[PDB]
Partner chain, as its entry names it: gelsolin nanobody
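Let's start with one chain on its own, the form solved without its partner chain, as structure tokens.
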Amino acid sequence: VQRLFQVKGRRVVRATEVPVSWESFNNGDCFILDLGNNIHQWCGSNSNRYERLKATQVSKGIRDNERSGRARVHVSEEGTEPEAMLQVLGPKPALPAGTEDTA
């Protein structure tokens, strides 16, 4: 499996599937790169607490509800991306700031 979710919001946080590419990322939200047996929860330096919380819920939700607990969740952030993420997405470009969330 190879899926990528954008976890964005303030008033209401939503997790939505986006193209599996670094071009979907930004430094203002959280992202979940689902690789099947491994799930990568990445949060931008400017992400908010609501997004980080929802990112944990979605990552653990995939792990427990979709994989029956047979997956490992890896938490990272800007600068600490694991090579497993880079092996799938390629080298990381400079990321845009991200769009302000709806308050």
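Positions refer to the first chain, counted from 1.
Student: Looking at the entry, does 49-57 or 22-30 show the higher mean C-alpha B-factor?
Tutor: That would be 49-57.
Student: Mean C-alpha B-factor higher for 39-47, or for 70-78?
Tutor: It is 70-78 that shows the higher mean C-alpha B-factor.
One more form of this protein exists, namely the form solved in complex with its partner chain; it is left out here, but the text below deals with it.
Student: Hey, in the entry with it bound, does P93 get a heavy atom within 4.5 angstroms of its partner chain?
Tutor: No, no contact at 4.5 Å.
Student: Is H74 one of the residues lying within 4.5 Å of its partner chain in the entry with it bound, judged by heavy atom distances?
Tutor: Although its partner chain is absent here, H74 would touch it in the entry with it bound, with heavy atoms inside 4.5 Å.
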